[PDB]
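FYI, side chains are in, hydrogens and waters are out, and symmetry mates aren't considered; it's all heavy atoms of this structure. Residue numbers start from 1 in every chain, and the chains themselves are labelled A, B, ... in the order their sequence lines are given, proteins ahead of strands.
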Number of protein chains: 2
Amino acid sequence: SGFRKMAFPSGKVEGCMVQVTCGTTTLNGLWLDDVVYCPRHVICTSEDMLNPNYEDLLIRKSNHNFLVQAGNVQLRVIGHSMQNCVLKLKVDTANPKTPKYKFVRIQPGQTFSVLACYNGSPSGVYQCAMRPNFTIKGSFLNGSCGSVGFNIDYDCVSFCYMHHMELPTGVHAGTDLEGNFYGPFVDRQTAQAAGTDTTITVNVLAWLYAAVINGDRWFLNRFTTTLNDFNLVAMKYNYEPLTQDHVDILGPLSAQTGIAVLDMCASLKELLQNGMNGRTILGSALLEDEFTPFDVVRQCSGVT
Amino acid sequence: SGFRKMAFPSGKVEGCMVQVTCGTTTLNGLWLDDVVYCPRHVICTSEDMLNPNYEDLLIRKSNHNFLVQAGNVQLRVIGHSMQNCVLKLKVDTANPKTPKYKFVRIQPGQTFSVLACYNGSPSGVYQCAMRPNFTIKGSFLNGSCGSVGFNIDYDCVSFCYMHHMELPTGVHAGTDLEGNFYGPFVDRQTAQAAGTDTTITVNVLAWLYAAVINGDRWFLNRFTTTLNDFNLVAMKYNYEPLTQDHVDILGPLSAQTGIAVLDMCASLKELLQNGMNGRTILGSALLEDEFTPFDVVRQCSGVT
């Protein structure tokens with residue numbers, strides 16, 4: 001029993017982190033096979049970041065200008081290319097600790113673990129969600145760029161995120177491992193405002209199911225609702241519309257608890273309309289939306 | 001910027017987890033040097049757990065009755081002893097992945113990372129605090145016993161916790177790595193009620209400092225207080241008494257933010273008396289007490 005904001009074990013990703021230095025800029029790289037992936041803004045002076053022309057900046061860089069250190073051993077850079085907003089540094093040594101891996105582009109509402117790194121060294125691991133506005137709410141200081149987000153499926157690391165930017169509002173923007181930003185963000189120090197940070201309704205419902213499974217039941221009510229009725233209330237509270245796809249995804253939690261998804265929707269409707277009245281659910285005074293239905297099943301069943 | 005409930009990177013501890021089986025009971029062990037540490041209740045049938053005589057139960061066990069598997073390779077058990085509530089299984093092979101390590105007994109209010117494991121396989125990592133009543137609020141299913149709690153200081157793992165028990169209230173009890181329970185708990189399936197789960201005041205204050213550092217300032221007020229005045233309010237709200245030792249420990253956060261500890265105490269006093277009025281602090285609607293002053297400094301400075 002008990003339900004915790006749980007990250008994937010980070011060892012497999014720890015073995016992939018390196019330091020990348022170009023001129024005076026140091027950040028993190030991801031070493032898989034004989035390629036090191038890092039944010040292309042490694043080539044920028046903070047001055048460059050105001051209006052960088054990356055293709056022009058990159059012309060002035062050679063293989064020997066990219067200093068790649070794995071622990072306290074230097075890797076030899078034999079090639080470099082830009083793919084979207086990431087640099088791929090070809091090295092002469094395959095990472096001997098390369099796990100089975102994939103690159104995946106996640107959807108908003110999907111959760112992942114971040115291994116926060118500085119100078120290629122892991123400092124910590126925490127669980128995130130891709131927000132509906134394609135930001136994440138991370139913990140990233142200067143030097144943390146190139147820190148990665150991931151999921152693990154048994155022995156296969158799916159990399160979904162590389163850290164690039166903090167917006168002036170202190171929220172975070174990055175890319176997939178093909179270097180494509182999540183959302184409309186660019187690797188330039190300019191005005192970039194995030195859109196509405198809506199609540200991930202399907203994740204809230206998953207977490208309410210987690211609460212019931214774990215003995216927190218005070219919020220279960222005598223009501224039901226419809227998708228359309230619930231959605232009128234979701235809209236008012238800046239919750240994402242709930243779709244039949246979401247209801248289908250919650251089916252196994254519905255089944256396990258014997259609470260129909262639309263009944264749990266009606267419980268969530270009353271919580272939105274009435275608030276918590278100073279009560280808590282799984283040690284939270286707000287409705288948690290950074291657990292997916294898959295997360296709740298995994299944690300409640302003990303998948304390794 | 002941003003402040004997250006962050007666990008230590010778990011790789012060093014992942015390399016230490018093994019499976020221990022005795023008869024039909026399987027749980028986790030910690031492999032350091034040529035010793036595997038596991039809960040002594042590995043020798044119990046669920047029947048035994050009602051009133052176990054561990055010395056008597058252990059007489060019927062030989063080295064070959066303890067099956068220890070590290071990945072899918074069996075370790076040869078050449079000795080076994082009971083120390084308090086843990087078994088030490090001597091194996092013929094030193095763990096080649098043994099990190100630098102210490103065994104530490106933590107105080108209530110101290111935080112640590114848990115690597116939740118099943119069948120010697122890591123499922124997840126999360127951050128805990130030793131509660132003032134010497135419980136932890138974990139996420140542990142059947143098979144999770146022998147999962148460990150730890151802190152990392154650069155390259156040295158300090159092991160502070162081994163998981164043993166869930167109380168009927170769904171909170172968790174375990175030992176240090178010398179096998180001494182935290183608090184008054186015993187490895188017996190009997191009535192064991194936890195005492196008052198008080199709030200770790202010094203950790204709340206640390207987290208309020210983290211909030212200010214991260215731009216969340218709405219709760220800073222025009223007031224100050226005294227330790228004695230604050231403590232009258234702490235008592236009423238089941239907060240731990242604040243001591244001059246706590247004020248001294250908060251000194252670096254006081255210094256960095258320029259907010260006197262007793263001024264932050266007066267902000268916390270108003271939050272207790274007035275509540276949050278539907279506002280949040282670092283994405284929480286309650287006062288977070290599972291960050292130590294050391295945690296806040298580490299995260300806010302980016303220690304690896």
Tell me, out of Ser139(B), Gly278(B), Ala285(B), who's got the most heavy-atom pairs with chain A below 4.5 Å. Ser139(B)
Would you say the side chains of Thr304(A) and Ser123(B) form a donor-acceptor pair under 3.5 Å? no
Check each atom of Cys300(A) against the heavy atoms of chain B and say whether the ones under 4.5 Å are side chain, backbone, both or neither. backbone
Which region of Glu288(A), side chain (C-beta onward) or backbone (N, CA, C, O), has a non-hydrogen atom less than 4.5 Å from a non-hydrogen atom of chain B, or is it both or neither? neither
If you take all heavy atoms of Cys38(A) and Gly29(A), which pair is closest and at what distance? CB-CA, 4.1 Å
Per-residue contact mode, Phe3(A) against chain B (heavy atom under 4.5 angstrom): backbone
Mark yes or no: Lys5(B) above the aromatic ring of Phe291(B), with NZ or CZ under 6.0 Å from the six-membered ring centre and no more than 45 degrees from the axis. yes
Part of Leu115(A) within contact of chain B (heavy atom distance under 4.5 Å): side chain
Checked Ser121(A), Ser113(A), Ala116(A), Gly170(A) vs chain B; the most non-hydrogen pairs under 4.5 Å come from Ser121(A)
Scanning both residues in full, the closest heavy-atom pair of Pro9(A) with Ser10(B) reads CA-OG, 3.4 Å
Per-residue tally against chain A (heavy atom, under 4.5 Å) across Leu141(B), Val171(B), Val303(B) peaks at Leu141(B)
Check whether the side chains of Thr135(B) and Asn133(B) place a donor and an acceptor atom closer than 3.5 Å, and report yes or no. yes
Keeping the roles fixed (side chain from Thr196(B), backbone from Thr198(B)), state whether a donor-acceptor pair exists under 3.5 Å. no
For the interface with chain B, which of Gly283(A), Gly215(A), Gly302(A) has the highest count of heavy-atom pairs at distances below 4.5 Å? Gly302(A)
Exactly one of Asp289(A), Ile281(A), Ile200(A) clears side-chain contact (heavy atoms from CB on, under 4.5 Å) with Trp207(A), and that residue is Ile281(A)
Answer key: most heavy-atom pairs under 4.5 Å with chain A among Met276(B), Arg298(B), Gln127(B) is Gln127(B)
Does the side chain of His163(B) come within less than 4.5 Å of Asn28(B)'s, by heavy atoms? no
Portion of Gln299(A) that has a non-hydrogen atom of chain B nearer than 4.5 angstrom: both
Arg4(A), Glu166(A), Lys12(A), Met6(A): which one forms the most heavy-atom pairs within less than 4.5 Å of chain B? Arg4(A)
In terms of heavy-atom pairs under 4.5 Å with chain A, the winner among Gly15(B), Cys117(B), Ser1(B), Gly11(B) is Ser1(B)
Under 4.5 Å from a heavy atom of chain B, the part of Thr280(A) involved: side chain
Give me the ring orientation class for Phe150(B) and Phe8(B): parallel if the planes are under 30° apart, tilted from 30 to 60°, perpendicular past 60°. tilted
Give, as side chain, backbone, both or neither, the part of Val125(A) having an atom under 4.5 angstrom from any heavy atom of chain B. both
